[PDB]
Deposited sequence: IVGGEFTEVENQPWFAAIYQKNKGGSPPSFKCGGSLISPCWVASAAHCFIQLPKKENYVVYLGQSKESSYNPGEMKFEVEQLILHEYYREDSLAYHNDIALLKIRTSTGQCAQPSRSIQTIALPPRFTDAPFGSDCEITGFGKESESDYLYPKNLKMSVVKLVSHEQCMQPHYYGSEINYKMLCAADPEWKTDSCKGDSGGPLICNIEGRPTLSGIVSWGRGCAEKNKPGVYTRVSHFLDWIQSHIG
């Protein structure tokens, strides 16, 4: 749901109507929100979007800068390098200010003993904020995909593989997207980037997430 790190990105609608909900993101820095690049590739300009933080919510930000990954590409199977950075700012010129309703979520450690983490949950639907479920999932390596029947019994959880062009993925390519959270070292962590749409909440066919840990450098190359 709405834990202090959740950011609701909206797309400024034309005319007098109200902006519509677009895709979700995570507050990784007081001045930075991470989200899916495929939510912006069709309108790549900063001024068409407004992010909301807090409990609309407790804080309104306009995006001073919109950074899509330079190697973003959509083949007919999945979104590769599907990651985007939003530098947020208020009308008063301030960035997001920490509280008990607005906190930053931890980024993946560069290295840890159990890289996949524990109790991983994806965000997604089952059109508007709060039809959003957080479904517990099972991250897997590319070897347990395409053939999980050769590794274990079937459970009612969805399996997800890290996005990779060399290994055929076949995952839903929704028009929306959001964060994948795992518990690394006992702390909630922005582990992945998933897409929201039809076929994105289904359990029997494995899906695909953009693995945040593979972009650390890139991220920090824009945050530091």
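Q) According to the record, which stretches of the deposited sequence lack C-alpha coordinates? A) Absent from the structure are positions 1-9, 65-71, 143-149.
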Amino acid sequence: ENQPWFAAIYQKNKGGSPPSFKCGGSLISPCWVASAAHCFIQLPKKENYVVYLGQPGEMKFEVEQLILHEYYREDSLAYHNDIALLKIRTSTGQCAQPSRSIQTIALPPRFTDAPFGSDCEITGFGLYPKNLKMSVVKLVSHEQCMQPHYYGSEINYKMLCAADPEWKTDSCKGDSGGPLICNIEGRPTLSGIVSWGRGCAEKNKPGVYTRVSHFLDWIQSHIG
From here on, numbers count along this sequence of modelled residues.
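Take the two forms, superpose them, and find the largest set of C-alpha atoms that agree within 1.5 Å; that set is the rigid core.
Q: Taking the root mean square of C-alpha distances over all structures and residues in 6 other deposited structures of this protein, with a rigid core superposition, name the larger of 208-216 and 21-29.
A: Once the cores are fitted, 208-216 deviates more in 6 other deposited structures of this protein.
Q: Superpose on the core, then say which of 91-99 and 110-118 ends up with the larger RMS Cα offset from this form in 6 other deposited structures of this protein.
A: When 110-118 and 91-99 are compared in 6 other deposited structures of this protein, the bigger C-alpha shift is seen for 110-118.
Q. Do the CA atoms of 169-177 or those of 25-33 have the higher mean B-factor in the entry?
A. Looking at the record's C-alpha B-factors, the answer is 169-177.
Q) Between 209-217 and 14-22, which has the larger average Cα B-factor in the PDB entry? A) Per the PDB entry, the higher value belongs to 14-22.
Q: Report the option among 109, 117, 124, 93 whose CA atom has the maximum B-factor in the deposited record.
A: Highest C-alpha B-factor among the listed residues goes to 93.
Q | Out of 153, 81, 104, 97, residue topping the C-alpha B-factor column of the entry | A | Largest recorded C-alpha B-factor: 97.
Q | Among modelled residues of the same chain, the CA temperature factor third for residue 142 | A | Highest third.
Q | Lowest, middle or highest third - CA B-factor, residue 87 | A | Within its chain, residue 87 is a middle-third residue by C-alpha B-factor, going by the deposited values.
Q: Place residue 73 in the lowest, middle or highest third of its chain's C-alpha B-factors, as listed in the PDB entry.
A: According to the entry, residue 73 has a C-alpha B-factor in the chain's middle third.
Q) Once the chain's modelled residues are ordered by C-alpha B factor and cut into thirds, is residue 38 in the lowest, middle or highest one? A) Its C-alpha B-factor belongs to the lowest third of this chain's values.
Q: Determine, from the deposited record, the chain-internal third of the Cα B-factor for residue 65: lowest, middle or highest.
A: As the PDB entry reports it, the C-alpha B-factor of residue 65 lands in the middle third of its chain.
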